[PDB]
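Colleague: Protein chains in written order, with our numbering: chain P, 290 to 509; chain D, 429 to 628; chain V, 102 to 335; chain W, 1320 to 1548; chain R, 1034 to 1242; chain E, 7 to 233; chain G, 11 to 216; chain C, 2 to 229; chain U, 11 to 277.
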Amino acid sequence: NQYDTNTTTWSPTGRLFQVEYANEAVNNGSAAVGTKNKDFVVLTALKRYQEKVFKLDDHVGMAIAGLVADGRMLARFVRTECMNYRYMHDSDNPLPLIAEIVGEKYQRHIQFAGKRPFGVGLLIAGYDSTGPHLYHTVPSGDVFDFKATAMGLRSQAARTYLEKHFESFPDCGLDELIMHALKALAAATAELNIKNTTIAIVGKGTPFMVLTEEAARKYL
Amino acid sequence: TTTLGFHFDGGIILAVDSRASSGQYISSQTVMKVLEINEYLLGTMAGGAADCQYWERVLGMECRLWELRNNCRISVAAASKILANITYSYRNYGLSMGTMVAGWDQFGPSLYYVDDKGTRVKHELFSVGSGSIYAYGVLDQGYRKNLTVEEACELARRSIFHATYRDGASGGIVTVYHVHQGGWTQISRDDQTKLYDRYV
Amino acid sequence: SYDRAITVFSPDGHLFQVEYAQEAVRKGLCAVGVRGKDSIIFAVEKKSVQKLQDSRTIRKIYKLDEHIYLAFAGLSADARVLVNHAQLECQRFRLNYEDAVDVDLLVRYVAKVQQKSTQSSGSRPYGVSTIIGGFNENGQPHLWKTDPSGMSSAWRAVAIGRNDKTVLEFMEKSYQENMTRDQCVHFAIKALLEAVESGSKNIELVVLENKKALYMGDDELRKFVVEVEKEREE
Amino acid sequence: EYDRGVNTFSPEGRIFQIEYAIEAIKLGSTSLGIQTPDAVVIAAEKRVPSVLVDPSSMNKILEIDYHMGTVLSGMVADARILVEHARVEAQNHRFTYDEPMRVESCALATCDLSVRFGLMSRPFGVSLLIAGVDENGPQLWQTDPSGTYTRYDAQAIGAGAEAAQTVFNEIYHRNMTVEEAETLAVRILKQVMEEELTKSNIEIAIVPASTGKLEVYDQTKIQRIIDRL
Amino acid sequence: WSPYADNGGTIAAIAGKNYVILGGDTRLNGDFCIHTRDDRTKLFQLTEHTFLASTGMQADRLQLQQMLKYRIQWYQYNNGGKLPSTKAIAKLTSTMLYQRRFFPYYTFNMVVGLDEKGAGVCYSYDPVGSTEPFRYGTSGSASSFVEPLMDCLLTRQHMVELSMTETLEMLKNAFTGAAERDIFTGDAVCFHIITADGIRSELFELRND
Amino acid sequence: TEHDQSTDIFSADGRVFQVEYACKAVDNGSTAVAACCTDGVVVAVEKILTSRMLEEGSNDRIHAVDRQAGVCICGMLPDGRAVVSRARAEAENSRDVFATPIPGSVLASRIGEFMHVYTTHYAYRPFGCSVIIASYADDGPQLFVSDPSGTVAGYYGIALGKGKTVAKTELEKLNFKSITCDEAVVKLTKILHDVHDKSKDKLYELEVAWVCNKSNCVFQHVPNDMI
Amino acid sequence: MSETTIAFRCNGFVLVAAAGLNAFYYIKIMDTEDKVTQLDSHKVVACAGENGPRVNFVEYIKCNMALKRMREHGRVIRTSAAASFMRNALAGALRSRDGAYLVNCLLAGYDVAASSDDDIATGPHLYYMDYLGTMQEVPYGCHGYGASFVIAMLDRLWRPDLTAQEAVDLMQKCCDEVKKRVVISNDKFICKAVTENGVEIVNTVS
Amino acid sequence: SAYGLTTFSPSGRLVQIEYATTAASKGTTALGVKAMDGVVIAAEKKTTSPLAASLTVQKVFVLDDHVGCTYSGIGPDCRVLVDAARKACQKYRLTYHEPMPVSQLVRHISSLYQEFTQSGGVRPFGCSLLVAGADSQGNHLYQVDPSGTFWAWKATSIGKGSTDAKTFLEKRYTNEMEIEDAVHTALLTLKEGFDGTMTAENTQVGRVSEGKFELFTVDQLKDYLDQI
Amino acid sequence: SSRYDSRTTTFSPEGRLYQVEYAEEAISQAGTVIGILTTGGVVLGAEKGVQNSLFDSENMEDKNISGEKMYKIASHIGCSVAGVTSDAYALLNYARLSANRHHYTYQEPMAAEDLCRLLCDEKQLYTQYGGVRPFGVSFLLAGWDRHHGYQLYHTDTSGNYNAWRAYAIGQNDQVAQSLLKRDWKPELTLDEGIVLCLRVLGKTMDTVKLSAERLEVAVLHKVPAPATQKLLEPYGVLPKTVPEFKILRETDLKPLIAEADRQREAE
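1) Leaving out five residues on either side along the sequence, give the residues of the same chain with a beta carbon under 6 Å from the beta carbon of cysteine 128/C.
2) Using the beta-carbon count (16 or more within 10 Å), is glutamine 228/C buried or exposed?
3) Are any of the Cβ atoms in chain G nearer than 9 Å to that of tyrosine 171/U?
4) Could you please give the first and the last residue of the uninterrupted beta strand (DSSP E) stretch that includes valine 607/D?
5) From the DSSP output, in three-state form, read off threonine 251/U for me.
6) Along the region 374-401 of chain P, what residues have a CB closer than 8 Å to any CB found in chain R?
7) Return the CA-CA distance between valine 217/E and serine 111/E, expressed in angstroms with no decimal places.
8) For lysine 183/G, which option in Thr173/G, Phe159/G and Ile194/G has the closest C-alpha, if you only look at C-alpha atoms?
9) Since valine 218/U contacts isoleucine 204/U with CB under 8 Å, what's their CB separation in whole angstroms?
10) Quick check: the Cα distance between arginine 1543/W and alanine 1504/W, rounded to an integer number of angstroms?
11) Does DSSP put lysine 47/C in a helix, in a strand, or in coil?
12) In the DSSP output, which residue or residues are listed as bridge partners for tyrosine 1169/R?
13) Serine 12/G to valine 193/G, Cα distance in whole Å?
14) Using Cβ-Cβ distances below 8 Å, what residues of the region 1344-1370 of chain W are close to chain V?
15) At least one CB of chain V closer than 9 Å to the CB of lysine 545/D: is that the case?
16) Bridge partners for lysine 246/V per DSSP, in chain order?
17) Spatial neighbours of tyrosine 161/E within its chain, please: C-beta separation below 6 Å, excluding the five flanking residues on both sides.
18) With a 10 Å radius around its C-beta and 16 neighbouring C-beta atoms as the bar for buried, classify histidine 469/P as buried or exposed.
19) Using a C-beta to C-beta distance shorter than 9 Å, which residues of chain R count as neighbours of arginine 304/P?
20) Can you give me, in chain order, the residues of the region 478-512 of chain D that have a beta carbon less than 7 Å from any beta carbon in chain R?
21) List the endpoints of the continuous beta strand (DSSP E) containing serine 538/D.
22) What does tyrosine 128/E reach in chain U if we use C-beta pairs closer than 7 Å?
23) So, is the C-beta of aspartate 108/G closer than 9 Å to a C-beta in chain D?
24) Would you mind reading off the limits of the beta strand (DSSP E) that contains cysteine 135/E?
And the structure:
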């Protein structure tokens, strides 16, 4: 295949091949799941001790899938954007604006020869003046706003489960929502417990937080 | 401030006071004017407190890297040089420093003075600071090469004491350190007012 | 400005630019170092005796400072660059620290110059190996070898360049602790003539002692080659 | 080799330069670390290329700071560069906040620098086990050319890796003593080495929770372990 | 036009075996005027055991407080979620002040907090960052009379353990006297008492003139 | 056939194939229609939904660039987005430096210039979107398209993407001298519903925006109660 | 000008001398600093001025000369080239950001034939220099507050054919005159001689 | 793109420099002749159609008051060198307050050509120059080629009809030609290789004499053409 | 564009820099150049191309600065080149400028080995860094300094250099070294050294009579020192003799082309 070495080469059917391959890096990381009700977002992730969930500011964090060194870069970047914002404004970086700028950073790495794609997907979960928000970012620079989804390996199954249940999630409380996020992450698999499964939460009243093994015992 | 150092047969003595004086108001009586750079080298600090502490901390960070890279302890010659070259490069930037560096490496006891312009002088007896002009008076009468360690600690203590008694910006507690082959040892701390009653 | 990536991995952990640099060292003339009690002996093979070549030949053993020599094998021009950087480094050190640089320190400086040339976009690796020997200020000799990858290591004796492996095998048997100055020369010459044809004027030789160095003449070097050509018939 | 660039992704989302660099580490000496509760132990095969080499000079164990040490595998000269960045970071920390760097932070810092290539022409062909004591007790972390870093109860890297990870899934329990790890170490070195095993031919270091200092074992004290076998 | 303004007022702290008490007045002064009687910028919390306390130019203390607040957030991200201890923040702060050697913060600062053994400490700084750990400290407009008084009552060097309560009363008395005599110090004092449990706060009125 | 790997290269026929291929992205993306009316401009796009669990407002193709101007990205969405940020900088530039809302013809010119430049350097690739520009500044209602080549053309009505050959046939039956913004919102929505392929893309919604005299010449999504 | 230096050249040598004193304002820190720095086997330089400019300057000369000698198989550089090198650096610094070296120098060398091919006039040369980069060959020269007194004695008593013993007597008298008439105390002098056989300290001159 | 385009091939050749040279040899004929008191250079300027304006086509160029040039091969490449040359002459004036000697100017052109054979991302200039001038050492005619090599000549020619032009000048050239009979010889040599009738509108001529370079106007050149 | 990169500075599978090698071939194709060391100076001789009636002189005011092949670098150093002419001119500027910088700094003439090293370092730089071809030149340097007397050097495309008593670069350099090898000896006058150079060129051009118009000769020798301006420089000292580089004209080659044809017939 002549058309699949660089990012700066279209193919005769209007495909960018190197970009689809970066996208496989995501389909082959460990599964993560997100879901949201009226006032919280829950991330869960199946650790395959590997940092897979990062806090980006008081009101927002993310799960990754794929190349971790890419995840860490995208984190230094968002953290520095939120801090800047709060220095200038004394309030929280709004979440739609976080998504835009991540999207654009990714896109620049798919259009020049001196930049490599990012081989890492994010589930960004946060909470601001317009409620909770769950964004998915992929290496093509696309940015979806979801009520629920899953990424990474076997994560189709997680996706199927969620598809039957998400309509009920607006009404759920924070405990059923966490359980739905686990039955989903389970569907992508050894079983879940406090040494290989992460849970994080953010919402009204609730700065972004990874549950400790104690608090997580209740759910697991 | 007063600090002195000198070299004798058993090693080196450093002694200081602990007062920090804008010029009228006395901000502290408890400054530690000897800086344990590590466990074979001492600095002293006179002039600007922030300057001396930042740059001797930097010096101490270079003495440690040297010893990671080379598997051995840096000499007193080179330590004083690292510090003289920093002061030299900052010559035009208004630093205020008058340091002694003392150590016992393979060639024996070494005492250097190093200042804010990049001076670096090696010699057997030094005193630095506002009260130096009284310390030297007492120190030149009593000093010789063959002092015992006890006699030499007394000489240094009496010298700083006499400076605190007459200099407005020296005072507080008098501290004496001894640099020996094995490293160094804090020998004493005595409030200068309690020393007044010992020596009268 | 040229920024291409020259030295890269290929499908089994091979850096080919580094390998081929080490090939270039294998074709270069043989050099040997031998550490005695209190003397280091560097001995190198010269191209070939000619009527026309200048009697005062150019030296292929360089001084880095009053107490540290270098011999090499490989691309002679690359090595001259390397020797320049090392002479600068020693003088820089005197200026920053007053004391004279330690051999072991100077070796890590050089070796890191080689390593960087294996990772710096725009540039190929040097094609040189070095043998560096010198004293501490406590009078104890050290002999180091550096290779194109940037890896350094200390030796009691060592050969590089062409017929490296053969000379090195001879030297594994025959080496002896606490050899004298004269024994060290003997043993070094011997070691060389396992790769080299004759021993008339295709050998230069430094005897690096504490507080002295000598680029041996042709009277004293003929004396030793005949003491050694007489021993090779037994 | 030049047909595809330094950045290219494979059709299954690996970066070629990084796969090949990991292969490089496999052709390395073998090295390993084991975590007890009391202490954390590291060791390596030396592998000199003759008996004219002074063995001192070929260390695969390096002190980063008083409370942590590394053992490297893969390209030694590349490791020198990482071990220097880590020494500098550990001392910047103490400069700025007057206390020892955590071991995890040190592994994090060494991994940032791994992935700065596109700038450097290529990855580092190196993996590191960092071992030390901070407040979380004895720790052992491993970094690799991808820039992933990871905590391990016991690992090995190098040519004898895959064989040492079947002496682990057998004999390794979490709850062992200093002694049993110092012996399990040498058991695995004997196995996957090519040479006969000797006190000059291997290196061992410990960081015990008792004192929080790395100690490097003499040849006198490595005799005592081959003896106990 | 100078880049420098001194907005006035006073802070003071006292430590004991498992607590520290920290006070700052709430007046913000202009040139021959008063901007407000209810500024609370002098004291700024950094962790649950560590405060910064500052006098001098208020715009500078607000910058320094933010630079510290983000170095501290960065430490946490690079350190597994942990917070730096009081001793570390104090060393961090010195380091940072020195670094503006050449155009300095016009601030007289204190870092005040519990140590690792659970005991109070106070670090007083000069504007370029030389400090030491001490049992008490004060800075600002009234500090040249509050400080001999604390020297007197706590060390008693020219004579022949306190509760939280006795210590809070001594400080209340010391601010009351400062407000009577220092024309730039007044209105109220905000007091924070730091224990391992947490932080108790208490406003306290002072002369309004 | 090495002539088609960089866009810095003509082919022997005078073509630039990297630019043709990028145009093929656009032609296989989703269908958008627009109409320049008496009182303003209307755009409508069809979002193909990749998932029933997307929040509404996800992967919006229409963005505001200035109080009075907006773009509809057709083709690859993130490429389109980089074009939106440049368009806003231009619009901001005109207010900052020249005190004027950018004219629609000028904004389209500057977008074209921008897309053109990624057609000439070995190190970059053409964009894989076309951008519909809808404006209503002091020059009146304007509708322009820029494409990956950087060609810019003004239109009364237009259609891009896979449905575009039928949609064009229906846009020809309108009357562009009479039609208002209110009538157009109805007619364009009917055309997107008819050219929609039901076998291939089961989940879609319509996005629709406008800049008219009603909206006080502000570019904005139409209120959702008008479809 | 608190530190006097002195030098003069005779038929087969140069004597150089410099006052030991190092002072902090009015305080004498020490009176035995050797300021007559050897640059090579047949060169010395006496510098006057503060410790810091003075040390940094002569260390920079030494290292650049040392680097010129290995990039040249240990061949000794002529005195007039060492002076030309010193002069270019004083002059350069004077128009630089960091500004001038405030040092005043006397450079003394004895030039000796490199090889047999070498046609060089072999003998002693003295060069006066100033912190600006002025440079001038001279038969004798001085710097510091003691300079005027000594220059006149030497105008009065110096000849080219003084024996080594007479030239030490004359150097001694010049040091005494400085002590007698300069208020700054230059109490102890170190004096070195540069000859065909190299640099050597002169002990009887104090 | 910062890599070299011009490289050595196994037998030591630099082929991009030979292809460039090939292009300078396929250009319209130009020639030069050095007399005892002046120099004359001349060139064909045929247009492709009579729709083109003849008068605006330049083949001979003034570089400064005392020196001029002409070229063969790729016109547009020649403008780069003419611009560089013109600047270097003014630069020399500002510095020394006298006219740059022709030998110096030609070494400047050379080193510019030579740059474009080693520099990264560039091809060589595909043109050769004749340069004609007068300085304190007299009158000069030089040729410079895409390699950056230059030679002084008494008489020469470059471009497609140049082996024959040079043959013809071997025979008719003498060391004691006057400037008016050098113009005659110049024109007479152009006439032989020239396709079609040669006019004052498809030929251009320059002349150094009395230390001054000057193009002939069309009218001056009609005078010399009715005489031959 | 990176696929059209030639990779000029990249080792190839045997530790060989092809562009360094091909550039050395280019020198072997070039006109013959010979250097000979004698007791009274160095001699450089070079063959020239074939002499067209229509060539002309530059008519330079000074004739001892450059022929077709010989160049002055400074008053104690000259050279001859073989290989890409324009490449030689770039390096000769480099060397002239370095020699004069050294005079600027030390007010003394640069040693010929020091000069040679700077030249060769410049060459080596295009072999390691920079994505462009190397210089395709070889030089012979004739030098005089007080460290080492007369010196003759050769510089090769690799950035290597070596000293010689006689040498030959260009076309028929094996045939030429064969002859010098036989007939060189350590006791030559400068007039014999010139003869020997002419014979060696006569036997590589392949002619019985030496055409004086096909030869260039230059000599680096010493001559008595000019005026001593003791009034304008009272501490000036000049040696008895100073080096000169001289590009012998036809009027000095007449008794020397005659003595090479009496040694050609008596053989």
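Using N, Cα and C, we set each Cβ at its ideal position, and we do this for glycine too.
Modeller: In terms of the structure at hand:
1) The residue labelled residue 128/C in the question sits at position 127 within the eighth sequence. Hits under 6 Å: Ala25, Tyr72, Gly74, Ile75, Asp78 and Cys79.
2) Reading the eighth sequence from its first residue, position 227 is the one you call residue 228/C. So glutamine 228/C ends up on the exposed side.
3) Taking the ninth sequence and counting its residues from 1, one reaches residue 171/U at position 161. No, its Cβ sits nowhere closer than 9 Å to a Cβ of chain G.
4) Locating residue 607/D in the second sequence gives position 179, where the first residue counts as 1. It spans 601-608 - the beta strand (DSSP E) in which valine 607/D sits, taken as one unbroken run.
5) Taking the first residue of the ninth sequence as 1, we reach residue 251/U at position 241. Here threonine 251/U sits in strand by DSSP.
6) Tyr376
7) Taking the sixth sequence and counting its residues from 1, the one referred to as residue 217/E is at position 211. Taking the sixth sequence and counting its residues from 1, the one referred to as residue 111/E is at position 105. Distance between the alpha carbons of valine 217/E and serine 111/E: 15 Å.
8) For the purposes of this step, residue 183/G is taken as residue 173 along the seventh sequence, with counting starting at 1. When only C-alpha atoms are compared, the closest one is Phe159/G.
9) Walking along the ninth sequence from the start, residue 218/U turns up at place 208. Walking along the ninth sequence from the start, residue 204/U turns up at place 194. Not a contact, Cβ separation roughly 19 Å.
10) As a working note, residue 1543/W is residue 224 in the fourth sequence. As a working note, residue 1504/W is residue 185 in the fourth sequence. About 13 Å.
11) Counting from 1 along the eighth sequence, the entry for residue 47/C is found at position 46. In the structure shown, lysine 47/C sits in coil (DSSP, three-state: anything other than H, G, I, E or B).
12) Counting from 1 along the fifth sequence, the entry for residue 1169/R is found at position 136. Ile1047/R, per the DSSP bridge assignment.
13) Counting from one through the seventh sequence, the residue named residue 12/G turns up at place 2. Counting from one through the seventh sequence, the residue named residue 193/G turns up at place 183. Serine 12/G and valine 193/G: Cα-Cα distance of roughly 9 Å.
14) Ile1344, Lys1345, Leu1346, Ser1369 and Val1370
15) Your numbering for residue 545/D matches position 117 in the second sequence. Closer than 9 Å: no.
16) Here residue 246/V refers to the residue found at position 145 when the third sequence is read from its first residue. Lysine 246/V pairs with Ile232/V and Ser254/V.
17) The count along the sixth sequence starts at 1 and reaches residue 161/E at position 155. Excluding positions up to five away in sequence, the list reads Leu149.
18) Along the first sequence, read from residue 1 onward, the residue named residue 469/P stands at position 180. With 16 or more Cβ atoms within 10 Å of its Cβ, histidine 469/P is classed as buried.
19) The sequence position of residue 304/P within the first sequence is 15, counting from 1. Chain R residues near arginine 304/P: none, gap ~38 Å exceeds 9 Å.
20) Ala478, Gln481 and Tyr482
21) Here the question's residue 538/D lines up with position 110 in the second sequence. Looking at the DSSP string, the run of the beta strand (DSSP E) that includes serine 538/D is 536-543.
22) Taking the sixth sequence and counting its residues from 1, the one referred to as residue 128/E is at position 122. The answer, in chain order, is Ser11.
23) Here residue 108/G refers to the residue found at position 98 of the seventh sequence. Cβ-Cβ to chain D under 9 Å: yes for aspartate 108/G.
24) Locating residue 135/E in the sixth sequence gives position 129, counting from the first residue. Annotation: the continuous beta strand (DSSP E) that includes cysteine 135/E extends over 135-143.
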